[PDB]
Amino acid sequence: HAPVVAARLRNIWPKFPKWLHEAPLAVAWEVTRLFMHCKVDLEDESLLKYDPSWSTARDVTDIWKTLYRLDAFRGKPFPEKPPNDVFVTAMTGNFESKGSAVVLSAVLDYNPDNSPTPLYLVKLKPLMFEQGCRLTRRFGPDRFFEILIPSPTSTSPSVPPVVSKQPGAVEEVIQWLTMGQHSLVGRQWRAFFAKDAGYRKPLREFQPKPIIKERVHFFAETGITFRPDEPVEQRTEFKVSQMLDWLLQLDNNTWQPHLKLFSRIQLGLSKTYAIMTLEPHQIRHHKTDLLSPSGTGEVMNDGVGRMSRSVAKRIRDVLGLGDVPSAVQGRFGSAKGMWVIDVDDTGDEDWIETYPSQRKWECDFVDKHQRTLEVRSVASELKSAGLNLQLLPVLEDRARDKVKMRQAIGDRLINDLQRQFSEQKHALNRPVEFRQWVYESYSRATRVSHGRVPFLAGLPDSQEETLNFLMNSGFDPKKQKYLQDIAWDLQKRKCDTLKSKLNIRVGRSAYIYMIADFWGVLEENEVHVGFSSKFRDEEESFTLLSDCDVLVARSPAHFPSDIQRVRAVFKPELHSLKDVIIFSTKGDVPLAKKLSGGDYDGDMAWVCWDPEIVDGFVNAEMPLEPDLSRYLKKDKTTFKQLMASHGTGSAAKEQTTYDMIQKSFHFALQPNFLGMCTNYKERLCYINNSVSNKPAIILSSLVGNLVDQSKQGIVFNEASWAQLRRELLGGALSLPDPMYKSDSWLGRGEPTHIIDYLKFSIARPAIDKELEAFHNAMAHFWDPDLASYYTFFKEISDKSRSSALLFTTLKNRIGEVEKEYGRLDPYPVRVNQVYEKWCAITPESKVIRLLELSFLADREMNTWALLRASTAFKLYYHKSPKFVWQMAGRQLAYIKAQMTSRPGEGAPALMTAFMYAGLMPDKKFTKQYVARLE
Amino acid sequence: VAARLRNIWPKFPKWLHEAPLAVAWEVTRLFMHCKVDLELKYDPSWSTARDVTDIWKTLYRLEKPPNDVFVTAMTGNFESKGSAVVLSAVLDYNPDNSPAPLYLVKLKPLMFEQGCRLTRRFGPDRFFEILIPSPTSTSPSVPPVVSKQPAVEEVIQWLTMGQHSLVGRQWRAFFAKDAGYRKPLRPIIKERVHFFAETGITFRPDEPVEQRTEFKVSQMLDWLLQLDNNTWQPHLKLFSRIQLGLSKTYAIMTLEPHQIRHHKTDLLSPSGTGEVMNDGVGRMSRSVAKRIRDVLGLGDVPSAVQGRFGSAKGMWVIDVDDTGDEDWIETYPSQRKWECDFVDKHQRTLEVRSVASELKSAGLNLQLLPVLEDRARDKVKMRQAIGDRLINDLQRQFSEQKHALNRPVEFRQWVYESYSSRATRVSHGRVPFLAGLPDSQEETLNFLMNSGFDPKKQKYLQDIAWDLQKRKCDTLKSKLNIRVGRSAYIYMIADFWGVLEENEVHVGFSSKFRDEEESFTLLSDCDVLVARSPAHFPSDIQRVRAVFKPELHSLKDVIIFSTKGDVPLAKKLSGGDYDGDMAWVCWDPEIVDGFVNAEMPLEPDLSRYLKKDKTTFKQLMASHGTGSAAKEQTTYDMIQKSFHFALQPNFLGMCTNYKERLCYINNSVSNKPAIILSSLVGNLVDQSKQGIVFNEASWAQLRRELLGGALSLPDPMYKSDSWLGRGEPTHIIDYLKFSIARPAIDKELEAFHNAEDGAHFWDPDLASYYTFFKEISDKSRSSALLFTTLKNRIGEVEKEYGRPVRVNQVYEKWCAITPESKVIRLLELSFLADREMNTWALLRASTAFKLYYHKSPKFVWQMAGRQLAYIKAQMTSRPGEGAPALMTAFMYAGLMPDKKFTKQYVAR
RNA sequence: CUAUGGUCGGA
RNA sequence: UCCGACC
RNA sequence: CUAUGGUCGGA
RNA sequence: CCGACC
Ligand SMILES: Nc1ncnc2c1ncn2[C@@H]1O[C@H](COP(=O)(O)NP(=O)(O)OP(=O)(O)O)[C@@H](O)[C@H]1O
Ligand SMILES: Nc1ncnc2c1ncn2[C@@H]1O[C@H](COP(=O)(O)NP(=O)(O)OP(=O)(O)O)[C@@H](O)[C@H]1O
Ligand SMILES: [Ca+2]
Ligand SMILES: [Ca+2]
Ligand SMILES: [Ca+2]
Ligand SMILES: [Ca+2]
Ligand SMILES: [Ca+2]
């Protein structure tokens, strides 16, 4: 224990005042947030009484407004607010809505202040909706709390000295989180799980250097409204040791290593849709997994089991899938993995089966929540995959001819790049074609979410949506530079991402869920692939794969055996199973294991049927993996072993359960070297140009062990890595960064590595060229139509000096806004801040009334907004382009659509925001209209 | 009427002798419209003209070709992008009976049509087509000059004995086919007759359109059919084979003799019978198929194609066993309709008319229903199944509509599903608009909902929507279309690889065939029903097992029948083949399970009434002797004799309608009268190829003797909207139309007819501008004078409305309402070319809405629906809750509702 | 330095 | 860029 | 007097 | 309404 660290930790959480005690949790959570955002103290006695209006509020703004009446909060702008729908569910829906759960979340960062009197600064995140899990469905979404705390074991200079200077500081923080309850919004929260959230950006509001953080989950053991011994406001006291007992059934699972049992807490936190509750007589718990016909004892169906057609149909019905899913990824009590339809089920009786490989603990499957099929994902329409940097070295190593494939793969890159550019170049010629291309290039989900095309100031947020909106109003990309600039910026970034990452697209490739052949119709080295609908490559299209060789691989891929070549055979017996890849249950070892120790529990495989990539590949036998026992030490302490220290009985289990949390939290907070070790393997293999050498194979095994550290209880310290680096590896500790990690070639001579040849010799030369050709194929800013209103007002100015003053004030105000735009808290807030000043410009009688048209609620739909936009265009079309568009792009589109319309030639349509989002381009119309001209 | 026939065609005078054919045709057409007799000013501007309008302008002293066609005719040699321009004419009987011309000629404007082998080889300019009223017509409107029939032989002689002169070229008839009953241009059967230009003013004795070489029709036919080696064939069938030359086919490639595989024997039955199992179908290379995709713009290689290669006519399928990159094609005796050397490129060019494409649901034909009941193990079960499906389907259509109307977004999707306007949109480039609203009511509903109007809350929209369903329900009453989702019409191919057994078929889809709840990419382990139209015999529908063979997996959007077995399955299907035949394939269990097969019937020999002219070309030549002159005379005689055979009236339509009427009265399709009628109608369809001669006398003999009932047979009850028969309806069609569909339709109709919280015409949002300018007018007489004038002027227009051309006249007066100072300029924007986009138009629409929503509702929406939509979109927008978009007319017509958006949003 | 790849969802 | 599950 | 069914485009 | 095709 370290005293200085402990003193700062005594009061880091926001306090709950007596006045707020009556408040519902949702209002309490939101009111505390505003007070913190505005610096006001909740317990401050200078001004506080509960407002009955808060008890019955469907908008947070109403609650926050009553507080803003006090001057204390009046100066600061309002903080991010919970969406109204989430707030309503928290107050009246019991924190759950159509499977979704409101989540109380917080992010914690270190206090810059080093004063001995809070170590951590806390921001409570707004109320948000997130898919529910088993535990939220069983004990209440209101009894759970997530925090992102900076990891005590961070080796960053950013860490405060109090933690770094005083050893034992790590233990004090772990004790602080795991020893006792934490008070917040009237509830006592106890910790029960923690997982790595990765290196994260410290909050700017509080502070700039990334620090490793940890997600710690809390459970409300008790609260003010809690009752000793169903509604969120009247929960019954319950100890963390009891929720965990309900989930893991600890009594029958004391034989497991406690660190792995702690790992299984995630299965109760997995975000899943609840489908149905099977009856006990409908569950077939297999006691033996499918085993090798050879006799090797290898399991051939790891994590995959069968399910009835009726169960699959209910999944479709509950999720509105529209087609019955051949396979699903879900959890069923202790069972985790995949479930596939039994092709032999002819009845309508519900049934599911579990396998040992699936059941992660011993479960009795009695509670309804332990017999509920929770679905996390469904096999769905397949999309084309690409190559990645990890598959290239392995592809070169197993190539029969390395030189042939290096050029062959490079061909796919140059051909795809020229084709990518050619389609855009031709489409840019006609706006109907460019719109259709832009829609194909990328926003349905945002449109459904916002019920409108989301807008940042006066233009659509998305650049693809901005281009389509402007073209829909009559703007030509070949005639308006602003539109041209967007397409240029778009392609440049898309090419930049190809330069930065060699995501070489392979059309005859896809990521498909891996399933096992329970029916034994597939022989070893034979796979079955079926597609729900036509899979289209530009040259040809497929509904199934037959009479072809395919390459199956999984990420992460390090070993030469990680990519394997197999023959695709279509078995009419497995025709119903579509959008899945079925490996054989025959053979000594499951094919999935060859793929980076893969399973059929949710794993997806990279399937390539491209011949120019498949036929140059030869298979490798699985490698002899080294024994790294000295470097990697595994804690296999069982729950029973922890229990012996305490004794026998309920109290002993309760103490043991808390001890498992404390011990596991230390193991979790321990530093992970998976990234450093994988990066080292890349550097070493680059220097040696070998992914097959003994150092590579050793490093491939170490990275393979490190990824499974939490489940396998592996303790690895910086010392063991150095010890491993100096003994098994050739006494090299710090290795040079590779040339590819660099934008421009800094190497001596022609590129030597496969990735180097592709990045600097096949991609950058082609990319630099295709851009120039596209630029040459690609136009002013000026538009005599976008300034019709300016001409109208100058003519009016000649008639009246009052008409002249309005223009003078308008022009000067527009210039002030431009100065602000040049000067300007992230980018969106700055844009809105300039936009508010833009919309501020206002007429300030008969002319003013005609200009303001105040009967219209949106002033941005009045004639004055149009004149204000036309004048801005005349003022800044050459001077500052982005200003006129980012601000008045919407009104400019109105003007163009008004000007382009010509008598007797149809009628333009003013579409409501919502109805505009629903419409989509008709490809059929585009081809036929193009045909009539051509 | 020979004297009338002397001057039928428009005359060509010396002043037009030195003229391009395209200009001559167009100028002749214009003189005819203006009735200026051709019989001396020739403008040379025409020869280099690229638009007819410019040529026509020269004729300013006293139905028009598109620009592309005229250009192609003038400088493209009459051929562009495969298309050939066509000189078509329509002939109609002259009203005057003066011994004046018998027919009146209207030369149709030059137009693009798909090319044929004959147009490609000899030039489209050498081909002329006409639609002539048939001489054998029994209609009263036939002029007495021919009605007396002292005449049929003479008119046939006029068409075939000699050449005809129209635009400087001599035209001789080579082929004729039935064009059906066609209304005379301002109903009588017409025959299409095809003419070829043997000689012309620009022709050369012993190539450019204006520099052709003289070629007789006999020679052209000799090139196509190789008559020297085809004398054995009956002349009537050889005349029939001319159609293959005139078939509209896309030219893909010319194959070299070494790449052409000719087979001396077809695939025969392995069980000795010697029946043919591959009639009309052969194999091609994956490379040949790839070029069909490349030249035709297909997004995938076709697995089977329908086309012609020389003598061969039929279907070609990719060899699943072909691993090569070399072009090859196969020919079989069944496909070849004449002996061809395959020496000329035009006779070695693969010509594709159609490709196997994505399949669609077909539904149940009325012909199929009697056969289904006749061959069902339990008839009552079959009746209850199809009937219950119809009841369920009808309820679903209505249920979807009622739920859809509740939410705008949802209703828009249904309206698009109900009717597609893409054909109209692409042609106009915009949504067609009459006055102030879209021309189509369905488009009007979408346009107004897009601006924010709700059908449930707005009366105008509700009334239109109610009318649309009323029309759809009325359409349902008139015709009983039972629709089966698990049904499709698929091209039939044969198994060249021997995988399938006798009762097995293989079907694979190019994509996902979607049924309401289930989806298919292949058919496996299911029983299917295979049938063809026309289906009359009890055996014309057969039940088979669908087995997916991976060996045939690359063949998609085709159903493969077995080569094993005594008789091919196709023959069972109304005497079918694999030459382009499409089978109705149904895998809906409830339809399939009750069916049990029937063997092919023993058909009666009706030779007494059906006689075949099996006279051969050699027999016709024997009359003329031996030699080229004898062949020329025989070829011309065949055209003349064949023209008579073809012009003979066809009784298939009357005979089929009789079988339908008698079989309905008997309620049997398996009885002796039905089998006899079925054989007669089966033979009559193949009359042209088989030389069958049938006359009213032959028909009256069959009716008097075999069929019985030589009396007018009454029409079936199902042919009428309601059930006037006695008792509950007992015929399958009558039960389904009157005892099942009508009540269900009526129940929904009563529900719609049966129906303050409801649709109201009033919208406070639409009177916004009126109230805005009232407040100004109350404090300004100057504006008030303008306001009063507009209100009264609208009143004048409202009086003018009264109640397509008329609506436009009112719209013109409505647009005329315009101002007649700073205010008037703001109201009427000069900068805007379309003043319908100005502020004044919105004010006039608002003032018109308030004044006439109660009294003259239709007047406001027809005149100002456009502006009312703008006003609605403006008023409904709320600050910071999105931005309404002003689409252009063109960009608007190119947008379609995203079905995924409608479903996802409703779930929200 | 520095501390992984991949699938998908979001605002 | 940020946020959240999954292997 | 009345004079067929089906598949595919369309204007 | 006018075109292919079986
Ligand atoms: N964060 C990650 N980064 C890279 N690879 C990962 C990551 N997470 C999972 N994988 C891959 O997926 C595998 C994880 O396997 P599982 O998630 O199936 N867990 P497993 O070890 O099988 O234990 P059970 O829960 O099944 O009893 C790893 O070995 C990696 O190959
Ligand atoms: N106008 C029509 N009305 C009804 N059925 C028709 C019609 N035209 C064609 N069919 C159908 O298609 C069949 C024609 O068969 P084909 O078009 O296959 N010709 P076919 O007699 O076999 O001789 P070939 O040219 O192949 O040597 C008819 O028997 C009908 O089943
Ligand atoms: Ca594993
Ligand atoms: Ca796994
Ligand atoms: Ca696993
Ligand atoms: Ca036939
Ligand atoms: Ca990652």
# chains A, B, ... in the order shown; residues from 1 in each chain; ligands from 1

$ residues_near_ligand --ligand "ligand 5" --cutoff "7 Å" --atoms "only C-alpha atoms (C1' of nucleotides) and all ligand atoms" --output "list in words"
residues 302, 303, 599 and 601 of chain A

$ write_last_selection --atoms "C-alpha atoms" --output "mmCIF file, in the first residue's frame"
data_model
loop_
_atom_site.group_PDB
_atom_site.id
_atom_site.type_symbol
_atom_site.label_atom_id
_atom_site.label_comp_id
_atom_site.auth_asym_id
_atom_site.auth_seq_id
_atom_site.Cartn_x
_atom_site.Cartn_y
_atom_site.Cartn_z
ATOM 1 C CA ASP A 302 -14.583 -27.395 -32.229
ATOM 2 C CA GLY A 303 -17.271 -24.883 -31.263
ATOM 3 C CA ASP A 599 -12.046 -23.318 -34.786
ATOM 4 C CA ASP A 601 -16.781 -20.997 -32.979
#

$ interface_residues --of "chain A" --to "chain C" --cutoff "8 Å" --atoms "only C-alpha atoms (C1' of nucleotides)" --output "NGL selection string"
:A and (390 or 511 or 555-557 or 604 or 673-676 or 678-679)

$ write_last_selection --atoms "N, CA and C atoms" --output "JSON list (two decimals), in the first residue's frame"
[["chain", "number", "residue", "atom", "x", "y", "z"],
["A", 390, "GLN", "N", 0.04, -9.33, -44.19],
["A", 390, "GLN", "CA", 0.44, -10.56, -43.51],
["A", 390, "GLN", "C", 0.43, -11.76, -44.44],
["A", 511, "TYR", "N", -14.51, -13.33, -47.02],
["A", 511, "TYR", "CA", -14.37, -13.81, -45.63],
["A", 511, "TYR", "C", -15.66, -14.57, -45.29],
["A", 555, "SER", "N", -6.57, -14.77, -40.26],
["A", 555, "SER", "CA", -5.68, -13.77, -39.63],
["A", 555, "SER", "C", -5.78, -13.97, -38.12],
["A", 556, "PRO", "N", -4.69, -13.86, -37.33],
["A", 556, "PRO", "CA", -3.37, -13.52, -37.83],
["A", 556, "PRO", "C", -2.67, -14.68, -38.54],
["A", 557, "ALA", "N", -1.97, -14.40, -39.64],
["A", 557, "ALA", "CA", -1.23, -15.45, -40.35],
["A", 557, "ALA", "C", 0.27, -15.19, -40.23],
["A", 604, "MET", "N", -13.69, -16.85, -39.11],
["A", 604, "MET", "CA", -13.97, -16.60, -40.54],
["A", 604, "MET", "C", -12.68, -16.84, -41.32],
["A", 673, "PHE", "N", 2.78, -7.83, -24.58],
["A", 673, "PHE", "CA", 3.85, -7.55, -25.57],
["A", 673, "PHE", "C", 3.46, -8.09, -26.95],
["A", 674, "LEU", "N", 2.18, -8.39, -27.17],
["A", 674, "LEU", "CA", 1.77, -9.01, -28.45],
["A", 674, "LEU", "C", 2.13, -8.07, -29.59],
["A", 675, "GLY", "N", 1.84, -6.79, -29.43],
["A", 675, "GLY", "CA", 2.18, -5.82, -30.47],
["A", 675, "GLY", "C", 3.68, -5.70, -30.68],
["A", 676, "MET", "N", 4.42, -5.58, -29.59],
["A", 676, "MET", "CA", 5.88, -5.38, -29.70],
["A", 676, "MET", "C", 6.49, -6.62, -30.34],
["A", 678, "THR", "N", 5.03, -8.95, -32.30],
["A", 678, "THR", "CA", 4.60, -9.09, -33.72],
["A", 678, "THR", "C", 5.37, -8.09, -34.57],
["A", 679, "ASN", "N", 5.54, -6.88, -34.07],
["A", 679, "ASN", "CA", 6.27, -5.83, -34.82],
["A", 679, "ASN", "C", 7.71, -6.30, -35.00]]

$ residues_around --residues "residue 3 of chain D" --least-positions-apart "4" --cutoff "12 Å" --atoms "only C-alpha atoms (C1' of nucleotides)" --output "PyMOL selection string"
(chain A and resi 105+107+125+128+130+197+200) or (chain C and resi 9-11)

$ interface_residues --of "chain B" --to "chain A" --cutoff "7 Å" --atoms "only C-alpha atoms" --output "PyMOL selection string"
chain B and resi 300-301+422+426+430-433+450-452+510-512+517-519+521+548+550+768+823+831-834+837+870+873-875+877-879+882-889+891-892+894-898+901-902+904-905

$ write_last_selection --atoms "C-alpha atoms" --output "compact mmCIF listing (two decimals), in the first residue's frame"
# COMPACT_ATOMS: atom_id res chain seq x y z
CA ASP B 300 -22.00 -12.74 -67.19
CA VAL B 301 -21.21 -15.36 -69.86
CA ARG B 422 -39.07 4.06 -65.89
CA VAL B 426 -36.23 7.54 -69.76
CA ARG B 430 -38.51 13.88 -66.67
CA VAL B 431 -41.80 12.84 -64.99
CA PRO B 432 -44.43 13.84 -67.59
CA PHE B 433 -46.61 16.67 -66.23
CA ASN B 450 -42.14 13.63 -51.50
CA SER B 451 -43.03 17.25 -50.68
CA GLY B 452 -44.61 16.19 -47.37
CA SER B 510 -27.78 -17.37 -62.05
CA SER B 511 -28.85 -15.58 -58.85
CA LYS B 512 -31.36 -15.95 -56.01
CA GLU B 517 -40.31 -16.25 -47.36
CA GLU B 518 -37.79 -18.63 -48.99
CA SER B 519 -35.01 -18.28 -51.60
CA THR B 521 -30.22 -20.72 -56.19
CA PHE B 548 -28.75 -31.07 -58.92
CA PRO B 550 -22.46 -30.65 -59.99
CA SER B 768 -49.56 30.62 -45.65
CA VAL B 823 -42.82 44.52 -54.45
CA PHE B 831 -34.15 36.24 -63.76
CA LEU B 832 -36.02 32.94 -63.46
CA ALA B 833 -36.76 31.63 -66.98
CA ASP B 834 -39.52 29.42 -65.50
CA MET B 837 -40.66 28.84 -60.03
CA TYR B 870 -43.25 23.65 -52.79
CA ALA B 873 -42.00 21.37 -48.34
CA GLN B 874 -41.15 24.91 -47.25
CA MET B 875 -43.60 25.07 -44.35
CA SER B 877 -39.08 22.15 -42.75
CA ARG B 878 -37.95 22.90 -39.19
CA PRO B 879 -34.79 24.79 -38.21
CA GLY B 882 -32.38 18.61 -42.03
CA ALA B 883 -32.48 20.48 -45.33
CA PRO B 884 -35.08 20.04 -48.09
CA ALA B 885 -33.57 19.49 -51.52
CA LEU B 886 -34.70 21.13 -54.78
CA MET B 887 -34.17 18.47 -57.43
CA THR B 888 -34.14 19.27 -61.11
CA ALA B 889 -36.82 17.66 -63.25
CA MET B 891 -32.36 14.30 -61.68
CA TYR B 892 -35.67 13.72 -59.91
CA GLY B 894 -33.70 9.19 -62.00
CA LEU B 895 -34.29 8.39 -58.31
CA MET B 896 -36.16 5.27 -57.04
CA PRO B 897 -37.35 4.39 -53.47
CA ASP B 898 -34.76 2.39 -51.49
CA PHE B 901 -34.64 2.32 -46.24
CA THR B 902 -38.40 1.78 -45.98
CA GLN B 904 -35.21 -0.24 -41.74
CA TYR B 905 -36.91 3.08 -40.92

$ residues_near_ligand --ligand "ligand 1" --cutoff "8 Å" --atoms "only C-alpha atoms (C1' of nucleotides) and all ligand atoms" --output "number ranges by chain"
A: 264, 303, 336-337, 357-358, 360, 554-556, 596-599, 601-603, 704-705, 707-708, 711-712; C: 4-6; D: 7

$ write_last_selection --atoms "C-alpha atoms (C1' of nucleotides)" --output "PDB file, in the first residue's frame"
ATOM      1  CA  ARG A 264     -15.693 -16.446 -19.162  1.00  0.00           C
ATOM      2  CA  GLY A 303     -17.271 -24.883 -31.263  1.00  0.00           C
ATOM      3  CA  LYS A 336     -20.079 -20.481 -27.170  1.00  0.00           C
ATOM      4  CA  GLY A 337     -19.630 -20.811 -30.916  1.00  0.00           C
ATOM      5  CA  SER A 357     -15.841 -27.950 -27.266  1.00  0.00           C
ATOM      6  CA  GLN A 358     -18.641 -25.367 -26.974  1.00  0.00           C
ATOM      7  CA  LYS A 360     -16.953 -23.238 -21.457  1.00  0.00           C
ATOM      8  CA  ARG A 554      -7.077 -16.880 -41.373  1.00  0.00           C
ATOM      9  CA  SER A 555      -5.679 -13.775 -39.631  1.00  0.00           C
ATOM     10  CA  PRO A 556      -3.366 -13.520 -37.830  1.00  0.00           C
ATOM     11  CA  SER A 596      -3.625 -20.344 -37.042  1.00  0.00           C
ATOM     12  CA  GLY A 597      -5.208 -22.721 -34.469  1.00  0.00           C
ATOM     13  CA  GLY A 598      -8.669 -21.896 -35.786  1.00  0.00           C
ATOM     14  CA  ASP A 599     -12.046 -23.318 -34.786  1.00  0.00           C
ATOM     15  CA  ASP A 601     -16.781 -20.997 -32.979  1.00  0.00           C
ATOM     16  CA  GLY A 602     -17.192 -17.739 -34.974  1.00  0.00           C
ATOM     17  CA  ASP A 603     -13.956 -17.939 -36.956  1.00  0.00           C
ATOM     18  CA  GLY A 704       0.472 -17.269 -31.115  1.00  0.00           C
ATOM     19  CA  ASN A 705       0.849 -17.909 -27.371  1.00  0.00           C
ATOM     20  CA  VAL A 707      -2.757 -13.585 -28.147  1.00  0.00           C
ATOM     21  CA  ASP A 708      -4.235 -16.365 -25.944  1.00  0.00           C
ATOM     22  CA  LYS A 711      -7.417 -17.485 -21.361  1.00  0.00           C
ATOM     23  CA  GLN A 712      -4.133 -19.457 -21.001  1.00  0.00           C
TER      24      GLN A 712
ATOM     25  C1'   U C   4      -0.708  -6.949 -33.736  1.00  0.00           C
ATOM     26  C1'   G C   5      -3.770  -8.389 -37.813  1.00  0.00           C
ATOM     27  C1'   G C   6      -8.745  -9.251 -39.409  1.00  0.00           C
TER      28        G C   6
ATOM     29  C1'   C D   7     -12.194 -14.040 -34.070  1.00  0.00           C
TER      30        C D   7
END

$ select_by_dssp --residues "segment 443-681 of chain B" --states "alpha helix (DSSP H)" --output "PyMOL selection string"
chain B and resi 443-450+459-478+569-572+589-592+617-624+628-647+652-666+672-681

$ residues_near_ligand --ligand "ligand 6" --cutoff "8 Å" --atoms "only C-alpha atoms (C1' of nucleotides) and all ligand atoms" --output "MDAnalysis selection string"
chainID B and resid 571 574:577 686

$ write_last_selection --atoms "C-alpha atoms" --output "PDB file, in the first residue's frame"
ATOM      1  CA  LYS B 571     -42.118 -34.177 -76.958  1.00  0.00           C
ATOM      2  CA  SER B 574     -47.144 -30.461 -76.423  1.00  0.00           C
ATOM      3  CA  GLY B 575     -44.667 -31.982 -78.915  1.00  0.00           C
ATOM      4  CA  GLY B 576     -41.824 -29.754 -77.722  1.00  0.00           C
ATOM      5  CA  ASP B 577     -38.149 -29.457 -78.631  1.00  0.00           C
ATOM      6  CA  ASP B 686     -47.770 -26.444 -87.362  1.00  0.00           C
TER       7      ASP B 686
END

$ residues_around --residues "residue 773 of chain B" --least-positions-apart "4" --cutoff "12 Å" --atoms "only C-alpha atoms (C1' of nucleotides)" --output "PyMOL selection string"
(chain A and resi 846-847+849-850+853-855) or (chain B and resi 767-769+777-788+790+823+827+839-840+842-844+846-847)

$ write_last_selection --atoms "C-alpha atoms" --output "PDB file, in the first residue's frame"
ATOM      1  CA  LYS A 846     -42.736  45.485 -47.145  1.00  0.00           C
ATOM      2  CA  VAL A 847     -39.482  44.351 -48.821  1.00  0.00           C
ATOM      3  CA  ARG A 849     -41.356  41.033 -44.966  1.00  0.00           C
ATOM      4  CA  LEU A 850     -41.056  39.639 -48.532  1.00  0.00           C
ATOM      5  CA  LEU A 853     -41.194  35.406 -45.065  1.00  0.00           C
ATOM      6  CA  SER A 854     -41.356  34.798 -41.253  1.00  0.00           C
ATOM      7  CA  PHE A 855     -44.441  32.538 -41.599  1.00  0.00           C
TER       8      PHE A 855
ATOM      9  CA  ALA B 767     -52.779  29.163 -47.076  1.00  0.00           C
ATOM     10  CA  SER B 768     -49.557  30.615 -45.650  1.00  0.00           C
ATOM     11  CA  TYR B 769     -48.824  33.024 -48.505  1.00  0.00           C
ATOM     12  CA  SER B 777     -52.820  44.315 -48.155  1.00  0.00           C
ATOM     13  CA  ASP B 778     -54.682  45.449 -45.031  1.00  0.00           C
ATOM     14  CA  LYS B 779     -52.027  48.151 -44.480  1.00  0.00           C
ATOM     15  CA  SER B 780     -51.482  48.893 -48.208  1.00  0.00           C
ATOM     16  CA  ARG B 781     -54.224  49.545 -50.825  1.00  0.00           C
ATOM     17  CA  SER B 782     -51.540  49.434 -53.554  1.00  0.00           C
ATOM     18  CA  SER B 783     -50.843  45.742 -52.785  1.00  0.00           C
ATOM     19  CA  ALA B 784     -54.583  45.251 -52.117  1.00  0.00           C
ATOM     20  CA  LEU B 785     -55.424  46.269 -55.705  1.00  0.00           C
ATOM     21  CA  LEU B 786     -52.932  43.630 -56.960  1.00  0.00           C
ATOM     22  CA  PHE B 787     -54.342  41.118 -54.458  1.00  0.00           C
ATOM     23  CA  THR B 788     -57.950  41.800 -55.490  1.00  0.00           C
ATOM     24  CA  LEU B 790     -55.354  38.172 -58.735  1.00  0.00           C
ATOM     25  CA  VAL B 823     -42.817  44.518 -54.453  1.00  0.00           C
ATOM     26  CA  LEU B 827     -43.176  38.658 -56.497  1.00  0.00           C
ATOM     27  CA  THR B 839     -42.821  33.730 -55.565  1.00  0.00           C
ATOM     28  CA  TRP B 840     -45.987  34.940 -57.407  1.00  0.00           C
ATOM     29  CA  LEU B 842     -46.807  30.338 -54.752  1.00  0.00           C
ATOM     30  CA  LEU B 843     -49.099  33.285 -53.818  1.00  0.00           C
ATOM     31  CA  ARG B 844     -51.561  32.430 -56.614  1.00  0.00           C
ATOM     32  CA  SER B 846     -52.186  29.814 -51.835  1.00  0.00           C
ATOM     33  CA  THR B 847     -54.954  32.308 -52.765  1.00  0.00           C
TER      34      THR B 847
END
